[PDB]
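2 protein chains.
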Amino acid sequence: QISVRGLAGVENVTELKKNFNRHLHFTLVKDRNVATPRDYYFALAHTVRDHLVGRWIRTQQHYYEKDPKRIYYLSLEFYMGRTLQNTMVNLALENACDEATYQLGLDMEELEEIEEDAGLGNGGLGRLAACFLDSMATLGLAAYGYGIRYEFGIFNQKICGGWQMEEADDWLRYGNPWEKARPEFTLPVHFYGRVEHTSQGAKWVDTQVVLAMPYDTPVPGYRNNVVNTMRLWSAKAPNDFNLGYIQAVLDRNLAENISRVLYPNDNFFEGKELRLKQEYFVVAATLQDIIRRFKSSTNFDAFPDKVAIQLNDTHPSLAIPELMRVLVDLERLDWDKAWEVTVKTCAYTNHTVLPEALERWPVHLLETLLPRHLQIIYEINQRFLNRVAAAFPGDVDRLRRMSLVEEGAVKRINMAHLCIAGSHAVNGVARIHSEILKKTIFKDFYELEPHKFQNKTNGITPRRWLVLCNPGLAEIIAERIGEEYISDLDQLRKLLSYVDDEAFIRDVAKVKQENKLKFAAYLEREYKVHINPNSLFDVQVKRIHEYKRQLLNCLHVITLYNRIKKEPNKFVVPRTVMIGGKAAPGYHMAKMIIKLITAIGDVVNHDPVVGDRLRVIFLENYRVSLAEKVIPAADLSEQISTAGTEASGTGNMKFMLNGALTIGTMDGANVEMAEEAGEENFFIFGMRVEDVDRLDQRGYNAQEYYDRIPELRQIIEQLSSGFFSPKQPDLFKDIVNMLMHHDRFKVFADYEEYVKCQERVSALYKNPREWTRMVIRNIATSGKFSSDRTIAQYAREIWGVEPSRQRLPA
Amino acid sequence: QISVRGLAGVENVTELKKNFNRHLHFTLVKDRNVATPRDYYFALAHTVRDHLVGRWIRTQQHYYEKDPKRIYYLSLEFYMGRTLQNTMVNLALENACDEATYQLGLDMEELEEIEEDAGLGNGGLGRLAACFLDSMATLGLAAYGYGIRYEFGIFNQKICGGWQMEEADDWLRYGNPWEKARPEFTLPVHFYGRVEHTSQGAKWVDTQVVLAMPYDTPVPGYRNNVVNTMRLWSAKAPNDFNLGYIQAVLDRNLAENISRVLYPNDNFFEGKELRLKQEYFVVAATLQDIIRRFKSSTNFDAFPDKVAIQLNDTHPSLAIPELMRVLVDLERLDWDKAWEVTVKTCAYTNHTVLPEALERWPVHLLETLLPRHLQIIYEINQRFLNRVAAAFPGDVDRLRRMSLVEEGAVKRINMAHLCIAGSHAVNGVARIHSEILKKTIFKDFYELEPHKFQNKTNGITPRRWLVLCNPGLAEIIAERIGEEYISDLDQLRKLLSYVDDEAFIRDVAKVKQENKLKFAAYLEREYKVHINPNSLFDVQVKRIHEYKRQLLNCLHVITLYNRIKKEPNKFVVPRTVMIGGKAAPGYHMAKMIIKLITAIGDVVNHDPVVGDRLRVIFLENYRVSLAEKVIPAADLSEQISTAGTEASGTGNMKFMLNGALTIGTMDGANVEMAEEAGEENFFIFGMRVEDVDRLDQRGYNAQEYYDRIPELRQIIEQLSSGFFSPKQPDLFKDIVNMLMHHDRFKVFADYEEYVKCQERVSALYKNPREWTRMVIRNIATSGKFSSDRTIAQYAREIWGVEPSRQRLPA
Ligand SMILES: O=C(O)C[C@H](OC(=O)/C=C/c1ccc(O)cc1)[C@@H](OC(=O)/C=C/c1ccc(O)cc1)C(=O)O
Ligand SMILES: O=C(O)C[C@H](OC(=O)/C=C/c1ccc(O)cc1)[C@@H](OC(=O)/C=C/c1ccc(O)cc1)C(=O)O
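As given, the protein sequences belong to chains A and A', one line each in that order. A prime marks a further copy of an entry chain. Just so you know, the first sequence maps onto residues 12 to 254, 261 to 314, 324 to 836 in the authors' numbering. Just so you know, the second sequence maps onto residues 12 to 254, 261 to 314, 324 to 836 in the authors' numbering.
The following block contains the structure:
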């Protein structure tokens with residue numbers, strides 16, 4: 012049908028059809044009389060997988076012979092989503108499979124919807140890891156993603172009576188055709204025990220052993236025949252575990274609980290022992306595997331020439347002392363040489379400045395679970411503080427501020443400080459965030475070791491986030507400038523010469539409308555909800571957090587409603603306001619925010635005077651596959667975090683690439699987006715980081731805003747009195763109290779400028795041609811925000827490897 | 012190589028080689044550079060499986076179109092063993108695959124050893140179920156095995172310091188290529204709750220739901236292209252189970274523990290709640306599935331014309347009240363019609379008379395777990411006792427003896443009584459056992475309903491137990507009489523005309539010696555133990571139990587040792603005494619018996635005066651795959667249970683088919699074996715059932731034997747004083763005390779006749795030609811003990827179906 016989806020040749024379509032029938036018969040044990048739609052999805056998955064594995068084996072052979080420097084990306088989260096369409100896109104198979112399945116009497120898009128998301132992440136951090144794997148393979152780097160194969164990923168969210176309900180995400184129920192178990196690489200991991208000191212150094216003895224069994228998933232580059240590996244570890248009890262008999266067998270679950278479930282916290286630290294066991298489990302098994310592979314290539327001087335380890339946040343921070351443990355205790359290297367190797371091998375990426383997200387583990391936990399690692403951490407700390415003391419003599423307070431050990435009620439280990447000391451590079455994820463790191467939280471560390479600090483602005487993969495989810499837009503672009511931009515997103519600048527092109531303007535607006543019609547239909551089918559496809563699609567999708575300020579959005583929605591009620595026969599640009607995202611199960615305030623949203627919807631959506639001029643919808647179960655649907659249908663992207671709180675954002679970049687305009691604060695990567703596109707092509711409002719600091723020094727008083735803004739006052743009174751909760755008038759008392767007396771994120775302070783800025787958006791939308799021209803200017807300047815650019819910078823400036831766009835033979 | 016293993020044609024070998032290479036590459040993602048031996052086994056397994064599935068789909072199509080009466084074999088145990096070789100044998104593929112793998116540079120026998128046993132059974136009862144599935148498919152019956160997919164089967168036994176140690180049998184670690192998950196047939200099973208009475212009958216409400224997910228395994232008939240289905244249920248928690262969040266997810270294990278582990282008790286009842294949950298789980302899911310399939314063929327009058335349910339022991343006895351529950355509570359049939367259907371549908375096979383093996387569930391357990399089923403059982407009991415009262419008026423004690431409810435300290439339900447009342451047929455498993463049922467334990471029931479009681483003597487499948495494990499013997503037989511006997515074992519009688527044939531005599535003895543040499547080599551390779559292959563192979567393999575009297579064997583071994591020590595330079599027929607079998611983990615006395623055996627071995631095997639005239643070996647980890655090795659190498663089969671205790675035995679039949687002679691008591695199927703072969707061709711000794719009864723009435727006094735038999739006295743003194751345990755002189759005090767004061771199985775009473783009979787065995791073995799002629803007379807008369815005969819009798823006399831040896835088209 013469309014060009015970017017590849018060729019549908021006679022030979023290929025015929026071959027695909029027969030392999031599909033072979034898998035249906037031999038693999039699935041079905042025929043066309045008894046096959047379920049799920050059987051048809053699996054037959055297709057297995058057919059496409061056949062094309063992957065040939066390239067998989069020769070990629071691993073290639074790396075084995077060439078022996079390049081290997082990149083190890085360590086993450087507790089890989090937010091992968093669905094695999095089928097992505098694989099077809101990167102193998103140029105999509106049109107062929109579409110034709111082949113059509114000829115078999117099947118709809119391929121219907122089959123695609125049967126695949127479960129691999130939801131092994133919470134939000135931005137986990138999805139970044141997934142975009143990274145894609146870019147590393149597309150750029151021909153010998154890279155491996157290492158994580159945990161959670162049995163249950165992020166929970167499925169159901170909305171019941173307006174409340175979030177959680178259910179288990181049993182994503183492996185029907186099986187995963189993409190993974191391959193590798194029990195020959197099963198490795199022991201140790202916990203508890205104690206430390207013995209002998210003539211020849213320390214020994215960690217009397218430990219409980221848990222086995223780590225790897226499962227490999229292929230990661231295909233874009234049309235270069237490169238297929239990299241993501242290795243995920245599963246926890247297994249040894250066969251003599253606890254070995261009355263029956264109970265001993267049932268208690269195996271205790272060891273195997275390590276890989277059972279993903280902690281559903283986004284940007285929030287929860288200091289639970291099971292979480293620590295997960296962090297050590299992935300680190301211990303991975304490092305053993307890395308070393309095995311290095312040895313099967324004695325000389326550890328060359329270790330950093332052949333290995334790079336990237337730590338995605340502090341979650342895998344135990345890699346630093348674990349590498350020291352292995353080098354010192356097992357390999358018998360002296361401390362100083364082991365440390366040189368460790369530092370040169372490791373690098374650390376910081377994802378947030380929020381204090382509640384920082385990992386600070388109680389010493390008593392590490393003392394019981396990992397007694398040897400505590401000793402190593404203490405020794406790392408001693409030697410590090412000796413260097414600080416020599417550089418800044420007499421500065422006793424610096425010493426206490428930089429210590430990896432925090433004193434107080436309970437002693438804690440600061441894992442960020444451990445990471446900085448043990449890494450040769452530390453990076454933030456957007457320019458403003460990286461500057462904040464040098465100026466505030468890691469200022470002392472930057473003064474000691476300035477060379478260590480870098481910026482690597484985040485990116486997203488244009489394969490999943492353009493070609494896959496928005497084929498219509500990728501096609502009208504390729505008609506003008508060709509296909510090369512897909513793996514070289516900077517080429518989108520060539521679209522600037524089409525900003526006055528009336529044909530192109532018409533096509534861009536046409537693609538958007540098609541996307542909006544298709545999403546409006548999806549809502550009626552799956553969720554029985556009616557919306558006007560001619561209204562402005564106003565969308566905020568991301569995890570529910572106070573710092574992301576879904577509440578600010580709520581205040582605007584209510585403002586519009588009250589304005590309509592006051593002047594009903596006055597014209598307003600119609601809007602569909604869509605808000606979606608999951609709240610962490612223990613995050614009470616985030617759960618109340620969801621309830622507020624739906625409660626606003628209950629009043630707004632059923633007021634006869636409003637009509638179809640304003641609709642408020644909560645998008646249930648927001649996840650990667652839903653993002654692929656809603657993002658291409660958006661007109662307006664809400665990126666409204668308080669300045670200084672969102673380290674980067676990546677959802678923002680997804681919306682920019684797909685033809686939505688942005689309303690946002692000068693925060694995270696919004697700053698660089700506005701810089702690329704030009705400030706006039708962006709809807710910027712609110713306090714800058716500097717204004718927030720000014721307000722903090724003065725003291726934030728929310729009452730002042732309530733007293734001076736009558737419209738804001740009306741909203742607070744509506745909330746307090748029970749306008750949005752008739753049967754439970756005090757339902758939202760926690761929200762009001764928080765807004766009035768302890769709002770860390772200054773919602774009221776940005777209200778006036780937000781409402782005013784929203785008016786400017788409505789004004790532009792009234793002029794379709796000028797809306798679309800501004801859109802074209804955004805799409806055309808989004809090239810910087812490709813993760814191919816991000817990864818190339820990591821490769822050159824951190825890992826010391828050169829990327830390659832050169833094909834491997836098919 | 013050998014004829015019975017089928018044709019190795021040019022077209023077939025070429026096709027097998029390319030599919031093997033296809034699976035290695037595409038399925039396993041390997042090439043010849045990186046493949047492990049385990050990868051090679053899996054490539055072969057997947058290649059052979061391809062040939063199965065085609066026949067599988069058309070067998071299920073056949074049954075769907077013809078709509079025959081379906082046989083449902085309900086068992087908590089299916090002791091299947093390995094599947095690869097069995098599949099090749101039944102598909103006539105063995106020689107072809109042997110050639111194909113040879114040409115690829117691989118040894119097929121080495122690959123076969125990599126497959127894990129499916130050890131989902133304890134002993135005789137579970138292995139019978141497996142032989143039955145094989146015969147039902149070979150005889151073209153539309154039969155389904157229904158059970159539980161245990162994650163851990165019977166434990167792997169390790170012998171450490173002479174003691175049994177247990178380890179988890181993680182048989183699914185590497186995956187099972189034979190099974191197919193069928194999540195479209197996932198069914199809810201209910202537990203706990205309470206009973207509500209409405210206008211329209213009772214309702215079972217407020218229940219905990221556990222999901223049952225089926226896994227199907229193919230069961231191929233012998234060269235008839237019939238492939239039946241074994242469906243095994245796996246326990247799954249629903250996705251909203253217990254839905261802080263993390264703990265709720267981790268607690269899913271509570272529901273899923275139902276299918277976790279097989280209870281390792283052989284002929285012993287353990288009244289634990291988890292075991293009851295297993296029994297209900299398999300019954301509830303199966304009956305729902307049976308009914309679904311019946312409806313997808324309203325009219326339940328015809329239900330018994332289309333369905334037979336066979337209960338393997340009382341383990342699935344809850345099928346009776348569950349069928350009543352479904353028919354009465356859900357389908358709204360009146361009690362009397364529901365009951366007529368139930369009785370006509372169900373039949374019950376009893377496997378033992380031992381009181382400690384009988385299932386008697388505490389009423390308080392059923393009251394909490396299954397409140398509705400208790401009500402139904404009480405109502406079944408009331409109506410049943412009303413019939414007894416009418417048939418035997420005034421006989422108040424009969425009423426209490428026949429009641430399904432047992433009174434006392436704790437009220438219990440007698441599940442055997444439930445089975446008899448709710449079944450149209452009740453059978454024992456050998457003629458003597460069936461007579462004992464009518465005369466003793468079920469005498470009252472037989473007087474009420476004589477027509478209900480039948481015999482169905484057990485059998486074994488000649489495919490696994492001759493062709494597969496003893497190809498050498500199957501081949502010399504086929505040379506004389508053809509191949510037809512393999513599915514018609516009676517034809518073995520034709521071998522009687524070869525008893526004086528000097529060529530045949532030589533070949534039989536040649537096959538045995540080859541088997542003994544191969545097993546002697548297996549012992550040195552896998553267990554580093556040296557044995558003389560020219561000695562008489564004296565073997566007792568079976569579960570360790572007091573009733574099976576491994577202890578009697580031990581007394582004989584010690585007698586031989588003491589006789590050698592007394593007269594060292596006197597000639598004795600050399601023996602290798604092999605004893606093997608698992609003890610239930612909580613069975614203390616069985617564990618002591620194992621320790622005694624190894625302790626005897628420690629003394630005997632290292633006495634220089636003994637030499638290679640006597641060796642005592644404990645065969646570790648006895649299981650189906652080990653049975654396939656040791657049985658063809660045996661000269662002497664020990665079948666020495668106290669008369670009246672072993673209901674049938676099946677190991678006895680395995681040894682008879684494979685050219686070993688039998689020393690045994692007139693117990694179980696030994697009686698019919700001796701009858702078939704002729705008493706002169708069997709080594710019979712000891713008390714008959716009648717002699718045991720005489721001794722019981724008089725009072726068994728072990729002291730009498732100790733006082734009158736000096737040799738027996740010496741052994742007891744050796745045991746007591748510490749001759750076999752120097753460092754722990756009192757180690758075997760429990761055994762001696764049991765033998766002297768509370769031996770339920772009268773070991774001393776059969777000692778004299780046993781030793782004397784053993785002398786007659788040694789005498790015959792001195793004359794190879796006459797030994798072999800007696801062997802030929804055993805093999806030639808073993809035809810009755812084919813499970814094809816057993817199943818044909820079940821089919822005609824219980825299930826009301828006609829077997830068919832007619833091929834389906836390939
Ligand atoms: O990168 C991955 O996805 C997994 C690694 O795979 C490989 O390195 C495979 C190398 C290879 C593949 C195919 C060949 O024909 C030669 C070498 C795996 O390594 C191996 O499995 C290596 C196997 C092997 C290589 C060479 C040899 O002589 C024997 C076995 C690992 O380190 O986990
Ligand atoms: O016996 C088994 O091993 C499983 C049963 O399989 C079958 O009965 C299959 C029947 C069949 C197989 C192939 C055909 O072309 C037609 C019918 C299965 O039944 C089905 O899956 C039936 C599927 C089906 C039959 C007819 C129809 O029109 C739709 C679906 C069951 O009852 O568990």
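All C-beta atoms in this analysis are idealised placements derived from N, C-alpha and C, irrespective of residue type, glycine included.
- Message: Can you give me the C-alpha to C-alpha distance between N579 (chain A) and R641 (chain A), rounded to a whole angstrom?
- Response: 13 angstroms
- Message: How far does the alpha helix (DSSP H) with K332 (chain A) in it extend, from its first residue to its last?
- Response: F329 to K332
- Message: DSSP has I82 (chain A) in a bridge; who is on the other side?
- Response: A:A154 and A:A334
- Fully enclosed by the stretch 521 to 569 of chain A, which beta strand (DSSP E) runs are 3 residues long or longer? 562 to 567
- Item | Cβ-based contacts, 7 angstroms cut-off: residues of the stretch 362 to 387 of chain A' near chain A | none
- Who are the neighbours of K191 (chain A') on chain A, taking C-beta pairs under 7 angstroms? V40
- Mind checking the stretch 171 to 200 of chain A' against chain A and listing, in chain order, the residues whose C-beta falls within less than 7 angstroms of any C-beta there? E177, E178, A179, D181, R184, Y185, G186, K191, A192, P194 and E195
- Would you tell me roughly how many angstroms separate the C-alpha atoms of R720 (chain A) and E778 (chain A), rounded to the nearest one? 18 angstroms
- Are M441 (chain A') and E475 (chain A') close, meaning C-beta to C-beta below 8 angstroms? no
- Neighbour list for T47 (chain A') in chain A, Cβ cutoff strictly below 7 angstroms: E195
- Nearest chain A' C-beta to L254 (chain A) closer than 8 angstroms, yes or no? yes
- Message: Suppose only complete runs of 4+ residues qualify. What are the alpha helix (DSSP H) ranges in the stretch 741 to 823 of chain A, listed by chain order?
- Response: 759 to 767, 777 to 791, 794 to 805 and 813 to 820
- Task: Compare the C-beta of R309 (chain A) against all C-beta atoms of chain A' and say whether one is closer than 8 angstroms.
- Result: no
- Message: Could you check whether the Cβ of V238 (chain A') sits closer than 8 angstroms to any Cβ belonging to chain A?
- Response: no
- Between A:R49, A:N23 and A:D42, which lies nearest to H62 (chain A) when the distance is taken from Cα to Cα? A:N23
- Output yes or no for whether 8 angstroms exceeds the beta carbon distance between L152 (chain A') and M241 (chain A'). no
- Message: So, with DSSP's three-state summary, where would you put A610 (chain A)?
- Response: coil
- Message: In this structure, how does DSSP classify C171 (chain A') when only helix, strand and coil are distinguished?
- Response: strand
- List the DSSP bridge partners of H582 (chain A). For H582 (chain A), which the question treats as bridged, DSSP gives no partner whatsoever.
- Item | Proximity of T228 (chain A) and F202 (chain A) at Cβ, strictly below 8 angstroms | no
- Can you tell me whether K753 (chain A) is buried or exposed, with buried defined as 16 or more other CB within 10 angstroms of its CB? exposed
- Expected contact under 8 angstroms - CB spacing of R575 (chain A) and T668 (chain A) to nearest Å: 6 angstroms
- Message: So, for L117 (chain A): in the same chain, excluding its five sequence neighbours on each side, which residues have a beta-carbon less than 7 angstroms away from its beta-carbon?
- Response: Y51
- Query: Assuming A373 (chain A') contacts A451 (chain A') under a Cβ cut-off of 8 angstroms, what Cβ separation, rounded to an integer in Å, is found between them?
  - Reply: 4 angstroms
- Item | Cutoff 8 angstroms; reference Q740 (chain A'); Cβ partners in own chain excluding five residues on either side | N588
- Message: Is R310 (chain A) near ligand 3 - that is, is its Cβ less than 7 angstroms away from at least one heavy atom of it?
- Response: You won't find ligand 3 in this model; what it holds is ligand 1 and ligand 2.
- Query: Okay, do the stretch 803 to 816 of chain A and the stretch 124 to 136 of chain A touch, 3+ Cβ pairs below 8 angstroms being the bar?
  - Reply: no
- Message: Which same chain residues end up closer than 8 angstroms to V635 (chain A) when comparing Cβ atoms and leaving out the 5 residues on each side of it in sequence?
- Response: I590, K591 and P594
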